[PDB]
2 protein chains.
Amino acid sequence: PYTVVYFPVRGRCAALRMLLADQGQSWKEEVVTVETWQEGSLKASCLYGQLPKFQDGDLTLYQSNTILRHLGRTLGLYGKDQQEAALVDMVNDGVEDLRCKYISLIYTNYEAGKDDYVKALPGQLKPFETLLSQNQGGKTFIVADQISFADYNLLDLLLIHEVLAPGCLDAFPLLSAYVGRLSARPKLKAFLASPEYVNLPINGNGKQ
Amino acid sequence: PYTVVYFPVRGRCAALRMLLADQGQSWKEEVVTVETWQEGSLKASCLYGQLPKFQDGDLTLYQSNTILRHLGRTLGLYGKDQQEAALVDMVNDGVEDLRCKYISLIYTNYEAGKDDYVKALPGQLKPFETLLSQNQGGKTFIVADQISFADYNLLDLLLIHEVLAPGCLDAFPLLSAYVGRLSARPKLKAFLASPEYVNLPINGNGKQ
Ligand SMILES: N[C@@H](CCC(=O)N[C@@H](CS)C(=O)NCC(=O)O)C(=O)O
Ligand SMILES: N[C@@H](CCC(=O)N[C@@H](CS)C(=O)NCC(=O)O)C(=O)O
């Protein structure tokens, strides 16, 4: 029923894959090689000339966050009412903002910019620790008491930053425990340990 | 019932203001001067240390797109069903991507980067013309047959780009007619002509 069209990297598809695996959904991975991409035709047929491309039956979507929100609506991972839905969006938009900065560092100036990025990290992660502290003492999810699509995206964001800066979560007990807890969910834990996750690089230029 | 807390610029609050005005809603503008911002306390109290900040009763939201989606959900400007809601999100995410590039040009290297930006513009605007052509001949809205929050955001994006590059819509008949049509809606037209819109600069560094 679902198809993910993407480069052979975790990148912007890692969160939605975790979501699908954790929700026990099945999907197909349509892999696009850089060589195939450079050919040009697939790219020209993409709405914004980029991937991921996602298919849910005959519904074709582009934009990683559009895919996350769509799955969030159809699978019931978007809060229980309008107010929670807004808080879920606020978290996801925050995650996207830091993901954009991470992507800029990785692909644009890893070598010269990493020191400053890492130095500024605590201030960028703190908002999520604060969100958790204001929600049942941080013992459940990022918004309210049920998992949402924002949790999967925030989880990915935290996992890749621990690779970029080992121990960056040591100063945030709530986020630390949160990562441990979500990573232990049976289906997610199995997915995270599997070759289809582990054998894909985080990014496409070999930096992490 | 609504309060918008922002710098005295259109920027990231222009689309949501257009939406509120067009929908006949009333709101309070709480203006924050750069001097007040530099003081530090308001900023430290902002979730992600940034504005806009929005209040809907006792619900406090941050993130311009979260505010747009919230208003979209509560005012019924998010498509008629889940499938349309996903298409609305796809359009908005695309608008955000080009808005990010516009903001980077404006604040980061207007002088040296404008020629290349303007040269790449047609290819960045074409996806929206294509979306319109695939939706009832581009005669109604960007998604389906009812206005959505994505329309207000795409409209702002188009208006600021015509200021940055006059005639950039000449090659796009559907987008051209779309801008004329939406700008003619009574309440929106009055808002667009009013001093509270007209006398605010588009950005905060005087470039446009
Ligand atoms: N806003 C888009 C960004 C998509 C994006 O940056 N795609 C990259 C790979 S992660 C791409 O397709 N690069 C190839 C190109 O632009 O030609 C999303 O979140 O899906
Ligand atoms: N992702 C945020 C971006 C917010 C943003 O860039 N805010 C700027 C002005 S538009 C700001 O608050 N600048 C002051 C600062 O960062 O100290 C949104 O879309 O609301």
Side-chain angles (χ1 to χ4, degrees), chain A residues 12 43-50 53-54 56-76 78-79 81-98 100-101 103-104 108 120 123-131 134 149-150, chain B residues 12 44-50 53-54 56-76 78-79 81-98 100-101 103-104 108 120 123-131 134 143 149-150:
Chain A
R12 283 185 174 280
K43 189 207 207 320
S45 78
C46 292
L47 176 60
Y48 302 114
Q50 295 195 306
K53 177 185 173 184
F54 189 77
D56 176 349
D58 69 352
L59 172 65
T60 296
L61 272 15
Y62 295 93
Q63 292 284 352
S64 64
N65 294 305
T66 280
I67 299 164
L68 282 174
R69 283 183 170 95
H70 171 68
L71 261 11
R73 268 180 311 256
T74 65
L75 270 19
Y78 215 142
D81 57 28
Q82 293 179 339
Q83 182 166 288
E84 288 182 11
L87 299 179
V88 168
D89 281 335
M90 191 170 67
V91 171
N92 203 67
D93 290 348
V95 171
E96 174 59 19
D97 279 353
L98 185 54
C100 283
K101 294 177 188 183
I103 290 170
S104 185
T108 264
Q124 297 304 301
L125 293 176
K126 205 191 196 309
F128 303 109
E129 177 82 358
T130 300
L131 285 169
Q134 301 173 335
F149 68 87
Chain B
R12 285 188 173 279
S45 76
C46 287
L47 177 62
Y48 302 113
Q50 296 197 301
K53 177 184 170 182
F54 190 77
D56 175 347
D58 72 347
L59 172 63
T60 296
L61 271 16
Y62 294 93
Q63 291 285 353
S64 63
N65 293 304
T66 281
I67 299 165
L68 286 175
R69 287 185 166 91
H70 170 69
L71 259 13
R73 262 182 315 259
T74 63
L75 269 19
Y78 215 139
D81 52 25
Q82 294 178 337
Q83 181 168 285
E84 290 186 10
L87 300 178
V88 170
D89 278 338
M90 188 172 66
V91 170
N92 203 68
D93 288 346
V95 171
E96 171 66 11
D97 277 356
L98 183 57
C100 277
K101 295 179 189 179
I103 289 172
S104 183
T108 265
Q124 296 303 301
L125 295 173
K126 204 194 198 308
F128 302 107
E129 176 79 2
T130 301
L131 282 171
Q134 302 172 331
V143 172
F149 69 86

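Note: hydrogens, waters and symmetry copies are ignored here, and every other heavy atom, side chains too, is used. Naming: A, B, ... by sequence-line order, numbering from 1 per chain.
Neither the backbone nor the side chain of A:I67 comes within contact range of chain B, judged by heavy atoms closer than 4.5 Å. Within the 4.5 angstrom heavy-atom criterion, only side-chain atoms of A:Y78, from C-beta onward, approach chain B. Interface remark: B:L59 contributes side-chain atoms only to the contact with chain A (heavy atom separation under 4.5 Å). Heavy atoms of B:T130 lying under 4.5 Å from chain A are absent altogether. Within the 4.5 angstrom heavy-atom criterion, no atom of B:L98 approaches chain A. No part of A:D56 comes within reach of chain B, as not one of its non-hydrogen atoms sits under 4.5 angstrom from that chain.
When the shell of 6.0 Å around NZ of A:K43 is examined, it contains more than 12 heavy atoms from other residues, nucleotides or ligands.
Applying the side-chain hydrogen bond (donor to acceptor under 3.5 Å, both in side chains) criterion to A:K101, with sequence neighbours excluded, gives A:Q124.
To the nearest 0.5 Å, atoms CE (B:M90) and OG1 (A:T60) are separated by 8.5 Å. Here the CG atom belonging to A:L87 is positioned 12.0 Å from the OH atom belonging to B:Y62, to the nearest 0.5 angstrom. Going from atom CD of A:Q83 over to atom OG1 of B:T74 covers 11.5 Å, rounded to the nearest 0.5 Å.
Closest of all the heavy-atom pairs between B:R73 and A:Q82 is O-NE2, 3.6 Å. Scanning both residues, B:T66 and A:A86, for their nearest heavy atoms gives CG2-O, 3.5 Å.
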Carefully, step by step, assess A:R69 and B:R69 under the rule side chain to side chain contact (heavy atoms under 4.5 Å, CB included). CA-CA 11 Å; A:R69 283 183 170 95; B:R69 287 185 166 91; 3.5 Å; yes
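Only one option out of A:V91, A:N92, A:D89, A:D93 pairs with B:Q63 in a side chain to side chain contact (heavy atoms under 4.5 Å, CB included); it is A:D93.
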